[PDB]
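In what follows, a single structure is set out as structure tokens and then discussed.
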Amino acid sequence: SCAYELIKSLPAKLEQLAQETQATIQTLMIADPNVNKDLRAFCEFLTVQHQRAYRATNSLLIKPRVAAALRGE
Amino acid sequence: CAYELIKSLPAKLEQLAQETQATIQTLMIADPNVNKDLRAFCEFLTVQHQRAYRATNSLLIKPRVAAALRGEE
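So the protein lines, in turn, are chains U and E.
full-length UniProt numbering puts the first residue of the first sequence at 5, with every later residue one more than the last.
full-length UniProt numbering puts the first residue of the second sequence at 6, with every later residue one more than the last.
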């Protein structure tokens, strides 16, 4: 294929993971207040993780020479 | 089964890093400036899975948390 599309699709892949685990963590019946707090904090870690990636890939792919190189142009 | 899903996160991110860093290297780019940018992105990708690595392991080592994420044991 091409490297441009691999990298550009990276943020959505991380977003998918974040939702999978958040959704699954939600199907839990946890009574412990601290465990709930830990998992909540981990869930926010995954959201932040996605946004850093989104920002990093966005800043990368606007560089015309970079996009051209990744497209085999 | 939420325990395995969380436990496998860092490894999935490492796969993404590896695949990207690899297909990038299959591109023989000359512009040293573009290559510096891409190397900065690969660095970002390896630091990315190391953060997930620390996060997941820091969470799963807590007994109350592991027990909860498993079938409660």
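The C-beta atom is built at its ideal place from N, Cα and C for all residues, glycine as well.
When DSSP states are grouped into helix, strand and coil, residue 56 (chain E) belongs to the helix group. In its chain, beyond the 5 residues on either side, 78 have a beta carbon closer than 8 Å to the beta carbon of residue 72 (chain E).
If you draw a straight line from the Cα of residue 70 (chain E) to the Cα of residue 53 (chain U), it comes to about 21 Å. In the DSSP assignment, residue 17 (chain U) falls within the unbroken alpha helix (DSSP H) covering 14 to 30. It is roughly 35 Å from the alpha-carbon of residue 48 (chain E) to the alpha-carbon of residue 31 (chain U).
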